[PDB]
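So the structure is just underneath, and the comments pick up after that.
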Amino acid sequence: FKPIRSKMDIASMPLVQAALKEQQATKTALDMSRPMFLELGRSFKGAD
Amino acid sequence: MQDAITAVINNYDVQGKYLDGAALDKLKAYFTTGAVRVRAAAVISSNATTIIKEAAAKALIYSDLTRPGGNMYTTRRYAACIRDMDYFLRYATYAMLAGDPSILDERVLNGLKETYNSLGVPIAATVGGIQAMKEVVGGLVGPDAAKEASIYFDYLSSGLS
Amino acid sequence: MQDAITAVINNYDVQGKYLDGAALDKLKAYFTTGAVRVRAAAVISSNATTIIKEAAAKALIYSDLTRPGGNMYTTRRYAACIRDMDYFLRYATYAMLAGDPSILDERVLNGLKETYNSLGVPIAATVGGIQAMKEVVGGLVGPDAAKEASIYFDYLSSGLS
Amino acid sequence: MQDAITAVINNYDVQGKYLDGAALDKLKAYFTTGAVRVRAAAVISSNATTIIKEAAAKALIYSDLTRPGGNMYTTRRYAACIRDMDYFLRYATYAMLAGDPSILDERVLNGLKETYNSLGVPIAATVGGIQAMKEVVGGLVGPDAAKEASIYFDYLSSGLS
Amino acid sequence: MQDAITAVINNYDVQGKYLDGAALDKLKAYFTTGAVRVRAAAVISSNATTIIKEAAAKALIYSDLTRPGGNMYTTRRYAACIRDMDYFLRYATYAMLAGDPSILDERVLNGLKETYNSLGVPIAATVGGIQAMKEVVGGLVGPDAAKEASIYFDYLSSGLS
Amino acid sequence: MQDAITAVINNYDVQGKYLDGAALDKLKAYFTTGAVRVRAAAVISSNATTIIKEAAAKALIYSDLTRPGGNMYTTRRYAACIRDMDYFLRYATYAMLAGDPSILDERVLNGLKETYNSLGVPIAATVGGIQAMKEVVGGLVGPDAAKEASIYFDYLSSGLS
Amino acid sequence: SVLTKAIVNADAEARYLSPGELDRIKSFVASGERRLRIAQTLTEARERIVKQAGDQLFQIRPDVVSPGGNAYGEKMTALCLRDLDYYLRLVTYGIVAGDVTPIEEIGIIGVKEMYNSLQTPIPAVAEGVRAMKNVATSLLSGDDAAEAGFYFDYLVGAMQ
Amino acid sequence: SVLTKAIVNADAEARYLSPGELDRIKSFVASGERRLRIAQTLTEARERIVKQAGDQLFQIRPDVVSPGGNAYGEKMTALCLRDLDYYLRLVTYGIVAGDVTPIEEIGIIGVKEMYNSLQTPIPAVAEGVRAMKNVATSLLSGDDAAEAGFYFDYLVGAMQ
Amino acid sequence: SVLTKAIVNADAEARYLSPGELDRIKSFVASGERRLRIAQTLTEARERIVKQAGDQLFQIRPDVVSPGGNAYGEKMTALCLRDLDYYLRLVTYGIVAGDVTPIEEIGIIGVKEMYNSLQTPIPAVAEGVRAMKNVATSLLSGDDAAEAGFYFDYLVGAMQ
Amino acid sequence: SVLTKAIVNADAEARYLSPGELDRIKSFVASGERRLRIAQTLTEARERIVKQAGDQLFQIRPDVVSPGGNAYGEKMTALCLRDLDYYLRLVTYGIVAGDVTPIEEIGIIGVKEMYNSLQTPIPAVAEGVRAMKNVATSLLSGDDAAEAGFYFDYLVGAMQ
Amino acid sequence: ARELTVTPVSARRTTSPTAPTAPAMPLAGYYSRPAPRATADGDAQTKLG
Ligand SMILES: CCC1=C(C)/C(=C/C2=NC(=C\c3[nH]c(/C=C4\NC(=O)[C@H](C)[C@H]4CC)c(C)c3CCC(=O)O)/C(CCC(=O)O)=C2C)NC1=O
Ligand SMILES: CCC1=C(C)/C(=C/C2=NC(=C\c3[nH]c(/C=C4\NC(=O)[C@H](C)[C@H]4CC)c(C)c3CCC(=O)O)/C(CCC(=O)O)=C2C)NC1=O
Ligand SMILES: CCC1=C(C)/C(=C/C2=NC(=C\c3[nH]c(/C=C4\NC(=O)[C@H](C)[C@H]4CC)c(C)c3CCC(=O)O)/C(CCC(=O)O)=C2C)NC1=O
Ligand SMILES: CCC1=C(C)/C(=C/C2=NC(=C\c3[nH]c(/C=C4\NC(=O)[C@H](C)[C@H]4CC)c(C)c3CCC(=O)O)/C(CCC(=O)O)=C2C)NC1=O
Ligand SMILES: CCC1=C(C)/C(=C/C2=NC(=C\c3[nH]c(/C=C4\NC(=O)[C@H](C)[C@H]4CC)c(C)c3CCC(=O)O)/C(CCC(=O)O)=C2C)NC1=O
Ligand SMILES: CCC1=C(C)/C(=C/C2=NC(=C\c3[nH]c(/C=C4\NC(=O)[C@H](C)[C@H]4CC)c(C)c3CCC(=O)O)/C(CCC(=O)O)=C2C)NC1=O
Ligand SMILES: CCC1=C(C)/C(=C/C2=NC(=C\c3[nH]c(/C=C4\NC(=O)[C@H](C)[C@H]4CC)c(C)c3CCC(=O)O)/C(CCC(=O)O)=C2C)NC1=O
Ligand SMILES: CCC1=C(C)/C(=C/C2=NC(=C\c3[nH]c(/C=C4\NC(=O)[C@H](C)[C@H]4CC)c(C)c3CCC(=O)O)/C(CCC(=O)O)=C2C)NC1=O
């Protein structure tokens, strides 16, 4: 039996693809549950 | 077969790579949609019979297909056809849970086009039976899950044509 | 440098012409707006520091620019940037008094684009710092002077871009 | 310029990171080799003139380079060439003490390739003069320091070619 | 082919001369009429079909030419003739844009006189068809462009006679 | 083939949708990167031969591949291999201009894996030849264009493996 | 570092390092594992030295967290405690470098001009910086506490 | 597009794009935002353009909505305006592509044979298409109205 | 030119030119005044560009002016700079037209065969052209220097 | 071979071999033992022949083995003699085949493109081959030396 | 190739040598080398015409 391949990358699917956009937003953009002084001196980028 | 998660693991295994940031992002994109996939499967499973009934009613019966000379003439063939319909529905539900179409190739599409050519089974009519079940499914499962269920019905139908 | 009045004198001098009706009309058009230019300069000068503060607050700080990796990170560079801002404000006030942009070319724009490219100074961000000071200035100086002050800020900013 | 202690600080400052374990390990890797760097510098400094003499003797003079038509013909140019040699030796000794090549870029290599093209100074011949001084240096400084001195001579020579 | 500008470049290239004052004056004389050429082409192009229709009506049809024994008798030959007319109009529009008749020689006139002699195509009648399209064109394009369009129609017509 | 502007149209046409806000945003995302794509293509085209030479030098020659028994042994096969390399480079430049990989499928990848299996052409070695040209390209085209050029080389190489 | 400062003098006089300069690099690097260890205590307690500093600072001068005070409010205070976190970080950098080069370029050269603009009261800030010494120093052995203390007193010195 | 039309010339001669070809891609793409605005305006008024086109059409030729007319009746009319909606859509596609490739494959090649079969009167249809130009053009600035107008006149041309 | 190229493509299709093609020509006309000016500037400094190009070349490739080198000797070097003068001239032509056109017919089609016969190393001619770019480009404003630079890089490209 | 060449022409014209074609096969095969002896002698002295070609080459072109030369250095020279060993081998093949089919597919078709990429000066490879002719020819009788010489001059010809 | 490169004087310009760590041998003669004005006996008679 010939082995099949895959023609749709799995992160191009709708549910997964939109949960990845949301994942980005949260880490970069925003703060948390630790004291504000610690969050106010953070660099979003890391090496640039 | 493979799912979202094993698709990634095997793609990295052949390169012998530990999972990196790009991989981890893909897996998150699956996990984050997971609860919704489960709810959608429970709706489809529990409405299975009604989906087939409404899909056949819109796209198959009341027609030449069911009247002497037609491929779903005889109780014998009518039963085989809605049996098939149940396969499609059931496997599409697997593909959508897995978030990967590979099972639809391995266990449903492989050789099926020619099997249908050999028996005389009308391909175009079968596709309409698939796209009618999709229509019903998309109503029942709601905004959350509609697009995700839909794609594996579309995978099935471009696999035959 | 030149102002409204010497712009006209030098334009006629190269032709060796005594001032004629067209010249005299231009000079009147300057003199007739003169008192308003003076009042506007006294508002800008005496609010200098507040204009920079409000312009930086709307267009520069609370951002990646002031964070590590940003060009106005370090007290050194933050100081250099608002130092620059003061130059712009001060010279625009000269240009507006003179009613001629020539001083903005001779003593501010010449070589500045490349100086900023060579140091890495972000041009687009600097323009926003200019157009924010204009916004503040136009409120403080009032109907009389708003359009006239504004143009030399616009001269500055299209001089960089 | 920067040195190993300083580079660790500026590399982390741009990320706004406290020095962490990885940083502290790097700095240790410098401090732990520090005493050996000092001893090596004292050997090079105090043998400076002999190193140049032996390096020139193996790689420059007794040749067409020192004959009419050659770039180190004339007492003027012979003096300029061994003057250069002293720069290289001296700066490589700085780089090796600092444990960072950045000074070799800032104060030696920048523009030097084209400066030599413009005067006609033979690049390949100058590299041999560098790699001959390295050879001598590596004998004089001993097992402790040989590899560490050597790299900044190699930095210099791939900076020209 | 060549236009105004390449006519000058090739005339100097064969002498290996950089462009001098006389050359630069010629090129200016072209550039300074350029915008007008473009507007004229847009009028001709967009009225193409009407120009042919009015030119045929004044100079070809309602005649022995369209009657049995005539060269534009038969729908075949009538079609070939107004097809030709479209070529002339279209190429003259190219020549006028280029400000050079060389394209009219290379791609239209070369061999055409004898081609028409060989088929029996009436030359004098074809010239009238050209000079009628010129008449229409000169009305439509206006004072700005009339003389400039006209010359390449005149080039075409003395190329046949 | 299709390009970003064209793909947006055909993707909407099959749904019979006017271009809407989401579509218009996609097209903007292409147009806004367009000037940079052009500059990058002009660098690649004009350095074509040097990119192949440096890519072969890092990833193909000085090896068993070029020795008797190797697939790029014989001037015939060496010529065929760097001929291929030029195809890849050239088409990747098309894909990157178009902002769509569809041309790489239609005119390069389709059947190529099996063609190489049938001739014995080493696939893994060819991928390294692709990823070496990418490395060179990314240096030559600069920050502006590096990521965008790179992806279509990566498209090519996962198309073979 | 000591190097960045110990080489700059060499290059400026066009010469190789002195026996003295070599000796101090020697002694300095020998104190590496230990200096690394004093800077690890301080990162452990990074947010707790800072919180404790904040309190001491406002007793000795509260007015800054009052109607007409530069640090009045929850987010005008978040910024203030954040600046104290910045300077503690720079102090850990200085201790591991063995001089101020890094501390200086990052947070004292230009600091007068920055804070004058913000009209943060700078001299209150020196006292705030001083408080951190008191807390940090109570989490270190006598010998390590002194070594740390020099860098705190430097910032206090510059700052004003 | 301009790209599709042009690259095709590159590949067919086995070569990279010319300076000329590169220049036109650059000039073309610079004219992008404007073309996108022209499509937006027209997309935004599609229902008005179609309806007013349909009135303008039936005055200039009503007989089609009469006993022996191809578009006689409510659902035979629901189809004629729908076809007018189709062509306006294709016109927006053409404007953003900068040529007709898409317009052509979708709705002119084969159109004679389609409409001859339906015995829709095709030449009435050209006039109907022309009416849309008149409406659409009244919702665009002079410069944008001309740029749009070329694509309307193309469709009018191809149905011929 | 830009004109010749546009037209030739038009005539091949046997249809009048387009109305966005009436865009490249329009751009070229505005560009031409600037283009004419750049060529004049290049023409003024021709002797300096050639000579300094020739020094830059022989440093980078001394082998061509050596015993077994194509340009070895005083009059084998004189002809070499004359060829560099030829190509600078063609570069001014290319800039002014707005399209490379004539330069191709004058100095690249057949150039491989010519120089192979003379045994001239082609890639070192390409270097001589890069050298001229460097000199010429230092006598032009940033914007004009780039516009000129495209034509230098073309010639460098064609000798390949 | 002579066989392959004769046959291919036969089959392509759909016919049996000509008297001429048959005659040349006969004359060719009669020279078999002689041709085999010519290949043996040269195979037996291969290492010497390359060493003397390589000396003759570097005298005539000391530049190739000079700073900006393709064969500059010990391992850029090692590969150069290896290429000379390759071509001598192909020359022995050609002599025993009685034509170039094998020589051609293995080492001239594609050779311009290969060496242009590597930037190897082709005409100095042709010189290396002349140098091998001179050495090889001094180890063969007059008659055999001529027969060998044709194949050397062919390779020299094809690199052109 | 060692021999060719090394083991051989090769062609540079012309000429060589005599220099560090050093030298070559073809012998010499003090009143052996011919003086440069340089030549003949009988050039003198024959030179003129
Ligand atoms: C020759 C073999 C054969 C049989 C028997 C057959 C029956 C058959 N009965 C049908 C419907 C039907 N059949 C019935 C029959 C009944 N309703 C009742 O309550 C009674 C119990 C019963 C009458 C005695 C009804 C009411 C429908 C319509 C059901 C629907 O449309 O949902 C249909 C779908 C309509 C169609 O497309 O024709 C088929 C195919 N088809 C076949 O090929
Ligand atoms: C035209 C300007 C000019 C001068 C003068 C010059 C001199 C010069 N003398 C040299 C060596 C030398 N020169 C001498 C000379 C002497 N030994 C003694 O004890 C005596 C005091 C003296 C003879 C009167 C010696 C012995 C060496 C060899 C030194 C060595 O190889 O270490 C060398 C290195 C060998 C070489 O590569 O040529 C140079 C360049 N170069 C120049 O470009
Ligand atoms: C502080 C860092 C620094 C460096 C390294 C430096 C190099 C340098 N070398 C120079 C010249 C030179 N450099 C050399 C060097 C050599 N000649 C040879 O044949 C050998 C291959 C080589 C010695 C190994 C010569 C001969 C000149 C003189 C060129 C002339 O006559 O103008 C000059 C021109 C100004 C002058 O003549 O002093 C500079 C600036 N300048 C600097 O500021
Ligand atoms: C034997 C092949 C052949 C044909 C058929 C032919 C037709 C023909 N019809 C013409 C005009 C015409 N033909 C018509 C015909 C009609 N008007 C209508 O509306 C009706 C649809 C149609 C009558 C059934 C009209 C009205 C004109 C005058 C048009 C004008 O002058 O602009 C003319 C131009 C007048 C002339 O010079 O004769 C020609 C040549 N010529 C030929 O060589
Ligand atoms: C691209 C440049 C170009 C031109 C201009 C061109 C002209 C041209 N005109 C032709 C015939 C013709 N040309 C005409 C023209 C006319 N009949 C009249 O009575 C009038 C006087 C005149 C129109 C005003 C006619 C009637 C024929 C057909 C002759 C035949 O029946 O064979 C033919 C013979 C092939 C054919 O029939 O198409 C050519 C090539 N070909 C070209 O490639
Ligand atoms: C049997 C058919 C055949 C031939 C002939 C062949 C030649 C060949 N010559 C090569 C390199 C080379 N060949 C030379 C040859 C020369 N340098 C000079 O200047 C002289 C003109 C010449 C010696 C006479 C040199 C110097 C290199 C190294 C070039 C480089 O590495 O860039 C290489 C790349 C290195 C490798 O991977 O082997 C190949 C494949 N390959 C083949 O399959
Ligand atoms: C337009 C798109 C297109 C592509 C890409 C293409 C590839 C292609 N490569 C081929 C052969 C080949 N391809 C190679 C390639 C290589 N050899 C190696 O060892 C390396 C790993 C690699 C170069 C990096 C070689 C050596 C052959 C010759 C095989 C033979 O001797 O038959 C052939 C067989 C016909 C021929 O020999 O030309 C095709 C069609 N054809 C196309 O139409
Ligand atoms: C590493 C070198 C460095 C430092 C130190 C630095 C400080 C700095 N402090 C800021 C604000 C601030 N800083 C403070 C600090 C205080 N308020 C008080 O009353 C107290 C005296 C003090 C706390 C001890 C406050 C309240 C603000 C907000 C001011 C405003 O938003 O107007 C801002 C603007 C907000 C931002 O965009 O980040 C910067 C850049 N930036 C730097 O690059």
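The chains in the structure tokens are called A, B, ... from first to last as shown; in each chain the residues are counted from 1, and the ligands are counted from 1 in the order shown.
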
Pull the closest atom pair for each residue of chain D that gets at most 10 Å from chain A, along with the distance in Å to one decimal, counting only C-alpha atoms, ordering rows by chain and then ascending residue number, as JSON lines.
{"residue": "D:11", "atom": "CA", "partner": "A:47", "partner_atom": "CA", "distance": 8.9}
{"residue": "D:12", "atom": "CA", "partner": "A:47", "partner_atom": "CA", "distance": 9.2}
{"residue": "D:14", "atom": "CA", "partner": "A:47", "partner_atom": "CA", "distance": 7.4}
{"residue": "D:15", "atom": "CA", "partner": "A:46", "partner_atom": "CA", "distance": 5.4}
{"residue": "D:16", "atom": "CA", "partner": "A:43", "partner_atom": "CA", "distance": 6.8}
{"residue": "D:17", "atom": "CA", "partner": "A:42", "partner_atom": "CA", "distance": 9.0}

Quiz prompt | Residues near range 137-154 of chain H, cut-off 12 Å, only C-alpha atoms, skip fewer than 3 positions along chain, as JSON, numbers by chain | solution = {"E": [42, 46], "H": [31, 33, 34, 35, 36, 37, 38, 39, 40, 41, 42, 43, 44, 45, 46, 48, 49, 52, 53, 84, 87, 88, 89, 90, 91, 92, 93, 94, 95, 96, 97, 98, 99, 100, 101, 102, 103, 104, 107, 108, 126, 127, 128, 129, 130, 131, 132, 133, 134, 157, 158, 159, 160], "I": [18, 19, 20, 22, 23]}

Quiz item: Do you know which residues are within 9 Å of ligand 1 using only C-alpha atoms and all ligand atoms? Can you write them as an MDAnalysis selection string?
Solution: chainID B and resid 53 57 60:68 70 72:78

If you keep N, CA, C and O atoms, can you produce a file of those selected residues as a compact mmCIF listing (two decimals), in the first residue's frame?
# COMPACT_ATOMS: atom_id res chain seq x y z
N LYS B 53 -31.12 11.15 6.89
CA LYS B 53 -32.51 11.36 6.44
C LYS B 53 -32.75 12.72 5.74
O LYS B 53 -33.34 12.77 4.67
N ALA B 57 -33.12 13.30 1.66
CA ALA B 57 -34.33 14.00 1.24
C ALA B 57 -34.05 15.22 0.37
O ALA B 57 -34.83 15.52 -0.53
N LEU B 60 -31.02 13.12 -2.78
CA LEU B 60 -31.02 11.78 -3.42
C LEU B 60 -32.41 11.25 -3.85
O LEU B 60 -32.65 11.09 -5.06
N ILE B 61 -33.29 10.99 -2.88
CA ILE B 61 -34.63 10.43 -3.16
C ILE B 61 -35.62 11.41 -3.87
O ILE B 61 -35.27 12.55 -4.17
N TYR B 62 -36.83 10.93 -4.15
CA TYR B 62 -37.85 11.65 -4.94
C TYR B 62 -37.33 11.93 -6.35
O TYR B 62 -37.51 13.03 -6.88
N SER B 63 -36.68 10.94 -6.95
CA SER B 63 -35.91 11.16 -8.15
C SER B 63 -35.79 9.91 -8.98
O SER B 63 -36.29 8.85 -8.58
N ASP B 64 -35.13 10.05 -10.13
CA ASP B 64 -34.83 8.93 -11.00
C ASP B 64 -33.86 7.96 -10.33
O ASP B 64 -33.85 6.77 -10.65
N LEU B 65 -33.04 8.45 -9.41
CA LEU B 65 -32.10 7.59 -8.69
C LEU B 65 -32.80 6.45 -7.96
O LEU B 65 -32.30 5.33 -7.96
N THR B 66 -33.94 6.75 -7.33
CA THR B 66 -34.71 5.75 -6.59
C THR B 66 -35.73 5.00 -7.45
O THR B 66 -36.41 4.11 -6.95
N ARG B 67 -36.04 5.38 -8.71
CA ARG B 67 -37.02 4.75 -9.70
C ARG B 67 -36.46 3.80 -10.72
O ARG B 67 -35.73 4.19 -11.49
N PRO B 68 -36.89 2.57 -10.90
CA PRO B 68 -36.33 1.51 -11.73
C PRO B 68 -35.35 2.07 -12.75
O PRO B 68 -35.65 3.07 -13.39
N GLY B 70 -32.51 3.22 -11.76
CA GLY B 70 -31.66 4.07 -10.91
C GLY B 70 -30.81 3.24 -9.98
O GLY B 70 -31.20 2.14 -9.59
N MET B 72 -30.06 3.59 -6.84
CA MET B 72 -30.55 3.32 -5.50
C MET B 72 -31.98 2.76 -5.53
O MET B 72 -32.70 2.80 -4.54
N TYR B 73 -32.32 2.17 -6.66
CA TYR B 73 -33.50 1.32 -6.78
C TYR B 73 -33.21 -0.07 -6.21
O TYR B 73 -32.12 -0.61 -6.39
N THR B 74 -34.23 -0.63 -5.56
CA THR B 74 -34.17 -1.87 -4.76
C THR B 74 -33.80 -1.54 -3.31
O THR B 74 -32.94 -0.70 -3.05
N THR B 75 -34.45 -2.22 -2.38
CA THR B 75 -34.23 -2.00 -0.95
C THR B 75 -32.78 -2.33 -0.60
O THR B 75 -32.18 -1.72 0.29
N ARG B 76 -32.26 -3.18 -1.42
CA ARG B 76 -31.00 -3.70 -1.40
C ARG B 76 -29.98 -2.71 -1.60
O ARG B 76 -29.16 -2.71 -0.87
N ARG B 77 -30.07 -1.82 -2.53
CA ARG B 77 -29.17 -0.74 -2.93
C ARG B 77 -29.44 0.55 -2.19
O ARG B 77 -28.53 1.35 -1.99
N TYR B 78 -30.71 0.78 -1.83
CA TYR B 78 -31.08 1.94 -1.01
C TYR B 78 -30.38 1.81 0.33
O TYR B 78 -29.86 2.80 0.85

Using only C-alpha atoms, which residues sit within 10 Å of residue 64 in chain I once same-chain residues fewer than 2 positions away are excluded, as a PDB file with N, CA, C and O atoms, in the first residue's frame?
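File written: part-v2.pdb
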ATOM      1  N   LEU I  57      40.644  49.187 -11.149  1.00  0.00           N
ATOM      2  CA  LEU I  57      40.645  47.878 -11.814  1.00  0.00           C
ATOM      3  C   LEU I  57      41.973  47.136 -11.658  1.00  0.00           C
ATOM      4  O   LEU I  57      41.986  45.966 -11.293  1.00  0.00           O
ATOM      5  N   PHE I  58      43.083  47.812 -11.951  1.00  0.00           N
ATOM      6  CA  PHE I  58      44.402  47.159 -11.956  1.00  0.00           C
ATOM      7  C   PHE I  58      44.914  46.801 -10.556  1.00  0.00           C
ATOM      8  O   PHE I  58      45.751  45.909 -10.430  1.00  0.00           O
ATOM      9  N   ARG I  61      42.737  43.570  -9.963  1.00  0.00           N
ATOM     10  CA  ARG I  61      43.141  42.505 -10.894  1.00  0.00           C
ATOM     11  C   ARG I  61      44.458  42.862 -11.600  1.00  0.00           C
ATOM     12  O   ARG I  61      44.461  43.198 -12.779  1.00  0.00           O
ATOM     13  N   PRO I  62      45.591  42.775 -10.881  1.00  0.00           N
ATOM     14  CA  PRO I  62      46.895  43.118 -11.482  1.00  0.00           C
ATOM     15  C   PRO I  62      47.352  42.138 -12.566  1.00  0.00           C
ATOM     16  O   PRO I  62      48.201  42.492 -13.382  1.00  0.00           O
ATOM     17  N   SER I  66      49.987  42.089 -16.598  1.00  0.00           N
ATOM     18  CA  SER I  66      51.158  41.264 -16.232  1.00  0.00           C
ATOM     19  C   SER I  66      51.554  40.393 -17.432  1.00  0.00           C
ATOM     20  O   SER I  66      50.716  40.178 -18.317  1.00  0.00           O
ATOM     21  N   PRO I  67      52.811  39.876 -17.469  1.00  0.00           N
ATOM     22  CA  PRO I  67      53.328  39.134 -18.632  1.00  0.00           C
ATOM     23  C   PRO I  67      52.282  38.441 -19.516  1.00  0.00           C
ATOM     24  O   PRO I  67      52.189  38.752 -20.708  1.00  0.00           O
ATOM     25  N   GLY I  68      51.491  37.531 -18.953  1.00  0.00           N
ATOM     26  CA  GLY I  68      50.504  36.792 -19.737  1.00  0.00           C
ATOM     27  C   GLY I  68      49.101  37.351 -19.617  1.00  0.00           C
ATOM     28  O   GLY I  68      48.146  36.589 -19.552  1.00  0.00           O
ATOM     29  N   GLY I  69      48.973  38.677 -19.593  1.00  0.00           N
ATOM     30  CA  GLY I  69      47.684  39.331 -19.371  1.00  0.00           C
ATOM     31  C   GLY I  69      47.233  40.005 -20.644  1.00  0.00           C
ATOM     32  O   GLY I  69      48.061  40.469 -21.425  1.00  0.00           O
ATOM     33  N   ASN I  70      45.917  40.062 -20.861  1.00  0.00           N
ATOM     34  CA  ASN I  70      45.370  40.624 -22.097  1.00  0.00           C
ATOM     35  C   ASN I  70      45.700  42.111 -22.254  1.00  0.00           C
ATOM     36  O   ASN I  70      45.944  42.589 -23.363  1.00  0.00           O
ATOM     37  N   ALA I  71      45.732  42.827 -21.133  1.00  0.00           N
ATOM     38  CA  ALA I  71      46.012  44.272 -21.105  1.00  0.00           C
ATOM     39  C   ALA I  71      47.461  44.631 -20.709  1.00  0.00           C
ATOM     40  O   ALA I  71      47.707  45.750 -20.230  1.00  0.00           O
ATOM     41  N   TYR I  72      48.404  43.702 -20.914  1.00  0.00           N
ATOM     42  CA  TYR I  72      49.820  43.925 -20.544  1.00  0.00           C
ATOM     43  C   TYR I  72      50.544  44.848 -21.521  1.00  0.00           C
ATOM     44  O   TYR I  72      50.644  44.539 -22.718  1.00  0.00           O
ATOM     45  N   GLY I  73      51.062  45.963 -20.995  1.00  0.00           N
ATOM     46  CA  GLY I  73      51.767  46.963 -21.796  1.00  0.00           C
ATOM     47  C   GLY I  73      51.049  48.296 -21.847  1.00  0.00           C
ATOM     48  O   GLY I  73      49.887  48.400 -21.445  1.00  0.00           O
ATOM     49  N   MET I  76      48.347  48.147 -24.838  1.00  0.00           N
ATOM     50  CA  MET I  76      47.311  47.163 -24.471  1.00  0.00           C
ATOM     51  C   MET I  76      46.488  47.666 -23.290  1.00  0.00           C
ATOM     52  O   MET I  76      45.360  47.233 -23.096  1.00  0.00           O
ATOM     53  N   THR I  77      47.063  48.571 -22.504  1.00  0.00           N
ATOM     54  CA  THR I  77      46.332  49.279 -21.456  1.00  0.00           C
ATOM     55  C   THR I  77      45.539  50.477 -22.021  1.00  0.00           C
ATOM     56  O   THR I  77      44.450  50.772 -21.537  1.00  0.00           O
ATOM     57  N   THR I 120      40.167  38.326 -24.382  1.00  0.00           N
ATOM     58  CA  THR I 120      40.025  39.244 -23.256  1.00  0.00           C
ATOM     59  C   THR I 120      39.230  38.562 -22.157  1.00  0.00           C
ATOM     60  O   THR I 120      38.203  37.957 -22.432  1.00  0.00           O
ATOM     61  N   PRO I 121      39.716  38.635 -20.903  1.00  0.00           N
ATOM     62  CA  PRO I 121      38.953  38.024 -19.810  1.00  0.00           C
ATOM     63  C   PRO I 121      37.710  38.851 -19.515  1.00  0.00           C
ATOM     64  O   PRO I 121      37.815  39.973 -19.024  1.00  0.00           O
ATOM     65  N   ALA I 124      36.755  40.370 -15.920  1.00  0.00           N
ATOM     66  CA  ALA I 124      37.536  41.522 -15.485  1.00  0.00           C
ATOM     67  C   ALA I 124      37.105  42.771 -16.232  1.00  0.00           C
ATOM     68  O   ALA I 124      37.467  43.876 -15.853  1.00  0.00           O
TER      69      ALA I 124
ATOM     70  N   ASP J  63      51.246  32.977 -14.322  1.00  0.00           N
ATOM     71  CA  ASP J  63      50.102  33.727 -13.804  1.00  0.00           C
ATOM     72  C   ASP J  63      48.933  32.868 -13.301  1.00  0.00           C
ATOM     73  O   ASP J  63      48.282  33.238 -12.319  1.00  0.00           O
ATOM     74  N   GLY J  68      46.006  36.069  -8.602  1.00  0.00           N
ATOM     75  CA  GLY J  68      44.653  36.045  -9.155  1.00  0.00           C
ATOM     76  C   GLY J  68      44.463  34.987 -10.224  1.00  0.00           C
ATOM     77  O   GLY J  68      43.788  35.241 -11.214  1.00  0.00           O
TER      78      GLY J  68
END

Self-check item: Close residues, residue 122 in chain B itself excluded, 8 Å, only C-alpha atoms, min 5 positions apart in chain, as a count of residues only
Solution: 3

Quiz prompt | Distance of CA of residue 152 in chain C from CA of residue 108 in chain C, expressed in Å to one decimal place | solution = 11.9 Å
